[PDB]
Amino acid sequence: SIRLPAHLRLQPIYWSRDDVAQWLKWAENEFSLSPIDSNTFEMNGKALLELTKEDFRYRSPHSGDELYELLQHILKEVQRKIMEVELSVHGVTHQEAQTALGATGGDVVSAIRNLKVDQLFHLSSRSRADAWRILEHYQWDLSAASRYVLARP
């Protein structure tokens, strides 16, 4: 897992102007890239994600290729995590999965557990800690947890 800064934990599409610049500085220092000028790539995430490798190489001819590849690795990891959330919580939309990941700082395990607890919380009509405790006892089997709750409506 790419050790992105918590400041840049958000998905690239959600990056702001200041965020993209933070990613450039984090990238040039973490991977010893050639110094990249903030004046270049002065844009938000949506624009950065619309730059081809040629475009990248236009802004920075000595680091554009590496920066483009790093953006691809980040994007592939995001899509993998979203898929992981979807495999464990059937019915979650692509948007609900990325929202749940945003709410746990990109931690897939935590996002899955939050989504499962949110489903059970409505049945339990009790505390979040109560829903969380029940689910964890049943090893996050929502159907087993639900049956336990349903016997004690």
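The first residue of the shown sequence is 1; numbering continues from there.
Higher average CA B factor: 1 to 9, of the stretches 1 to 9 and 144 to 152. Here the stretch with the larger average CA B-factor, out of 43 to 51 and 96 to 104, is 43 to 51.
Based on the entry's C-alpha B-factors, the most elevated value among 132, 23, 15, 138 belongs to 15. Which of 38, 114, 29, 88 has the largest Cα B-factor in the deposited entry comes down to 38.
When all modelled residues of the chain are sorted by CA temperature factor, residue 67 is found within the middle third. When the modelled residues of the chain are ordered by C-alpha B-factor, residue 123 sits in the highest third.
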